> 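Structure incoming, see below.
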Protein chains: 2
Amino acid sequence: XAXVXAXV
Amino acid sequence: XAXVXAXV
DNA sequence: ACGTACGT
DNA sequence: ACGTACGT
Ligand SMILES: *C(=O)c1cnc2ccccc2n1
Ligand SMILES: *C(=O)c1cnc2ccccc2n1
Ligand SMILES: *C(=O)c1cnc2ccccc2n1
Ligand SMILES: *C(=O)c1cnc2ccccc2n1
Ligand code: NI
């Protein structure tokens with residue numbers, strides 16, 4: 001859920 | 001992610 | 001419900 | 001001259 005590299 | 005000239 | 005982010 | 005960055 002976090003987006004820091006993928007954002008899902 | 002390393003910062004030695006951009007640091008991202 | 002998954003990998004992105006740069007230039008001296 | 002070099003890899004760090006999280007939860008909905
Ligand atoms: C977001 O909160 C989150 C948490 N765990 C995960 C596991 C795998 C893919 C995506 C995820 N996203
Ligand atoms: C993004 O691509 C990415 C990959 N690995 C991680 C590990 C821990 C926190 C955030 C991350 N983001
Ligand atoms: C940092 O760890 C890192 C890794 N690879 C990259 C590729 C392109 C731009 C920035 C980057 N940062
Ligand atoms: C910073 O500007 C910079 C430019 N290119 C690089 C290539 C390899 C390692 C570190 C670098 N830092
Ligand atoms: Ni470059």
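Below, read A as the first sequence line, B as the second, and so on, with proteins coming before strands; counting in each chain starts at 1. The figures that follow rest on heavy atoms only: side chains count, while hydrogens, waters and symmetry mates do not.
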> Between D:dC2 and C:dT4, how far apart are the two P atoms, rounded to whole Å?
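Rounded to whole Å, the distance is 24 Å.
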> In whole angstrom, give me the gap between the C1' atoms of D:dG3 and C:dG3.
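Taking atom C1' in both D:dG3 and C:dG3, they lie 14 Å apart.
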> Name the closest nucleotide to the B:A2 side chain, picking from D:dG3, D:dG7, C:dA1.
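The listed nucleotide nearest to B:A2's side chain is D:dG3.
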> According to a 3.5 Å limit on both distances, what stems of 3 or more consecutive Watson-Crick or G-U pairs are formed with DNA chain D?
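So far as stems of 3 or more pairs are concerned, DNA chain D shows none.
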> Identify which nucleotide among D:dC2, C:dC2, C:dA5 has an atom closest to any side-chain atom of B:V4, counting heavy atoms from C-beta outward.
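Among D:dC2, C:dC2, C:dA5, the one nearest the side chain of B:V4 is D:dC2.
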> Please look at the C1'-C2'-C3'-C4' dihedral of D:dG7 and say whether its sugar is north or south.
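Of the two classes, D:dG7 takes south, because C1'-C2'-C3'-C4' is negative.
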